[PDB]
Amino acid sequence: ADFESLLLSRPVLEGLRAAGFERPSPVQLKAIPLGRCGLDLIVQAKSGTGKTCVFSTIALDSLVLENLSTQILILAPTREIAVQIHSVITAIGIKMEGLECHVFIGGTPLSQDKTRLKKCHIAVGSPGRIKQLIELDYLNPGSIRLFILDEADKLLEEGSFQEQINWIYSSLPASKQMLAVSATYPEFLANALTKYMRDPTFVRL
């Protein structure tokens, strides 16, 4: 009923408290332990349920802070959502000295992203920019063990980023954990996630 019963690391517990997160929401209670367990998760719950906190907490708890390598990749369907994610992670991560979380979106020179990726624990970005950075080997995906799709319905809908995500998924290490979080779970999304998750655990309220 508090974040302690979820067995999170002390830095994450202290960060949550500092950032105003006093008690977990119903979806946070359910999803966080299962995330810590290393399972592939599909978290489907309506807006207002606390889903960004869910994957942000799982992500920060999983990080090897002393290893300055990109261990976590998070994709978002819009520039604004990518930054929203960065804000939550950097708030919850406030007691983790030297945490490096960076946003990769269009409009910044690729040379600048290359430099930033030299010191980056958690990469958050849009699928097109992330694919370009992996193709250039500016983001070497060799240490990524956690791959998160935020607003997965928006990412994988018709006219969106399925082709780019398929490519990125394939570039990553075979051994990794996947999280997909979404307000809805239509057939197109159920279908698309079969490419990435062999037997996912579902989390709903």
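The numbering used is simple: start at 1 and walk along the sequence shown.
As recorded in the PDB entry, 22-30 is the stretch of 57-65 and 22-30 with the greater mean C-alpha temperature factor.
Looking at 90-98 and 127-135 together, the entry lists the larger mean B-factor for 90-98, computed on C-alpha atoms. Within the selection 177, 166, 160, 70, the deposited Cα B-factor values reach their highest point at 160.
For residue 194, the recorded CA temperature factor ranks within the lowest third of the chain's modelled residues.
The entry lists a Cα temperature factor for residue 121 that places it in the lowest third of the chain's modelled residues. Annotation for residue 115: C-alpha temperature factor in the middle third relative to the rest of the modelled chain, per the entry.
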